[PDB]
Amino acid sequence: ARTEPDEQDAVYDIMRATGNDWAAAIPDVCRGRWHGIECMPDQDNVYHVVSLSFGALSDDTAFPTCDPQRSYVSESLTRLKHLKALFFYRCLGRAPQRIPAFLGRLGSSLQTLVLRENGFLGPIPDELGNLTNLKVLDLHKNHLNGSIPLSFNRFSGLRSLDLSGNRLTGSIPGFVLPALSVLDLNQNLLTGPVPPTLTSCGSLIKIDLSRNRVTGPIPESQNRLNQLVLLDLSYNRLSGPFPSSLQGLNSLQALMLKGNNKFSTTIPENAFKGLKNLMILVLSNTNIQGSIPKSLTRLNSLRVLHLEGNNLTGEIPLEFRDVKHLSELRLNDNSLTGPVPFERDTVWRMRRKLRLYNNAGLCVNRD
């Protein structure tokens, strides 16, 4: 049970490129392992390297550190014909490098690729589209610029895409990945409308696009994601109106539109009817108009309701007298006008988490 010699020298190369030369002195790498390499045998009792990770992901169970001054991603990774995962976490090198194109040459086997907080520069190499068995791609928190390569549409079986915390421009990708579950692109510079192709990614359980420059409305088709648990479109430039039906989205626990300062519409009463599981609604500072509708009273699971900083008018529905479950309710900084229906139990429990200030009309009685 010994390691394929060529893979062995690739491993040596990679470890020297990273600053960890004590590996070269190790006689058989897949037998003398360190946390940060995993091997598997083939049917002729040869060990092949299957996982390679670096960095201290909080140091309890740390991976080989990198020389901050002189380390780099080694081209010798291309010799690991069986590498199924590769992981780099806060591994900082000689200069800030670009992501290398030669990573694409592991397309037969690479199933997970995580390059997280390494100060990577420049555009995402086109040839990573050649990793067509990838289920997990994460390049979160680097300094990447440019566009999301179009070739990402060849990730037919991708499970999770994290490109957040970069300077990515251009549009949301217009792919259709049937099995994609997490899409995280928040804190970038992405522009354009939300391509309606996005609602053909039915496996989606999380869409985090917040803090970009995406424009246009929410796709009306959005009803289609039955599995979506969280949706965050905060701090973009969306325009209204609210999609007529939301009722298909019966896993949605969180919807946050906060910061779309020109969203500008009403909350119709049939928008949120029957959202059993909905627990968090953040429509704050988005130029909402009209009256606060009453269906928002009968949302069984709703705990957090933020509607502050809008042009909401009218009186506070009397139904808001009988809502026992909310832990936060923000109607402050509007122009609501009437008396206040909140019952004593509610005011006492909520305390400062029920906020009603800066509403000039409001007729206050006791709280």
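From 1 onward, residues are counted along the sequence shown.
Query raised in the report: Which is higher in the entry, the mean Cα B factor of 67-75 or that of 99-107?
Result: That would be 67-75.
Query raised in the report: Where do the C-alpha atoms have the higher mean temperature factor in this entry, in 90-98 or in 196-204?
Result: For C-alpha atoms only, the mean B-factor is higher in 90-98.
Query - Of the residues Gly259, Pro173, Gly248, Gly146, the one carrying the largest Cα B-factor as recorded - result: The C-alpha B-factor peaks, among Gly259, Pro173, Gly248, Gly146, at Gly248.
Query raised in the report: Highest Cα B-factor in the deposition, which of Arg224, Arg159, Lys141, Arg237?
Result: Checking the PDB record, the top C-alpha B-factor among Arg224, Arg159, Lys141, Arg237 is at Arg224.
Query raised in the report: Which third, lowest, middle or highest, does the CA B-factor of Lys294 fall in along this chain?
Result: Tercile = highest for this residue's CA B-factor.
Query raised in the report: Which third, lowest, middle or highest, does the CA B-factor of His306 fall in along this chain?
Result: As the PDB entry reports it, the C-alpha B-factor of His306 lands in the lowest third of its chain.
Report task. Comparing against every modelled residue in the chain, figure out the third that the C-alpha B-factor of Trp34 lands in (lowest, middle or highest). Result -> For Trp34, the deposited C-alpha B-factor lands in the middle third.
Query raised in the report: In terms of the chain's CA B-factor thirds, is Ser264 lowest, middle or highest?
Result: It belongs to the highest third of the chain when residues are ordered by C-alpha B-factor.
Query raised in the report: What third of its chain, lowest, middle or highest, does the C-alpha temperature factor of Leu312 fall into?
Result: Middle third - that is where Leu312 ends up once the chain's C-alpha B-factors are sorted.
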